[PDB]
Amino acid sequence: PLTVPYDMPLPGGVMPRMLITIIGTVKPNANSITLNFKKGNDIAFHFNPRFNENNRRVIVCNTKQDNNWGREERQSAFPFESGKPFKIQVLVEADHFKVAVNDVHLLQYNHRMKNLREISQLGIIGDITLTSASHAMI
Ligand SMILES: OC[C@H]1O[C@@H](S[C@@H]2O[C@H](CO)[C@H](O)[C@H](n3cc(-c4cccc(F)c4)nn3)[C@H]2O)[C@H](O)[C@@H](n2cc(-c3cccc(F)c3)nn2)[C@H]1O
Ligand SMILES: [Br-]
């Protein structure tokens, strides 16, 4: 039984060819979801679907370094729905993270924090129920 917030440990951090698969369901009347690829107090990759930001559904991605957020990357393609099952897949490549939702490519996020093997945890928070959270080398 996975409960949210959930911290998925990453003993070897992240590396090219690592695929992270997160399966769950969006809670009814969801407000937001967050995936945080963490390196201590820093967030190498923050993936944040917002269901109601000024009456708009938008995905915000960013990096938090030295308690400061960088430039936001915004994506209006929004494959999540309240009360509906989801599958988020994050493929780690040498230059970026590739995110897909329900087997459909969603976005690419270029690495800002290049020490990938230092990302020791994946935090999964927000208005979701979690079925599984796993990683594999593909
Ligand atoms: O970058 C991502 C960060 O975003 C800020 S919100 C951010 O605030 C900034 C303040 O300067 C700007 O307002 C920024 N913004 C909006 C627009 C804009 C411009 C035009 C139209 C339009 F619509 C919008 N432009 N710039 C906002 O997105 C969240 O707090 C932060 N976060 C939140 C939490 C957090 C929250 C709850 C629980 C928890 F555990 C953690 N943990 N990290 C994280 O998600
Ligand atoms: Br977190």
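Throughout, chain A uses Swiss-Prot numbering, with the displayed residues spanning 125-262 in order.
Method of determination (from the header): X-ray crystallography, 1.7 Å.
Cβ atoms here come from the backbone N, Cα and C positions, even for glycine.
Looking up the ranges 158-173, 206-221, 238-253 in Swiss-Prot, the one annotated as motif 'Nuclear export signal' turns out to be 238-253. Within the same chain, residues at least 6 positions away in sequence whose Cβ sits under 8 Å from that of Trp193 (beta-D-galactoside binding site) are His170, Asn186, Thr187. The number of other CB atoms found within 10 A of the CB of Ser200 (phosphoserine), across every protein chain shown, is 8. According to its DSSP assignment, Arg198 (beta-D-galactoside binding site) is in a strand.
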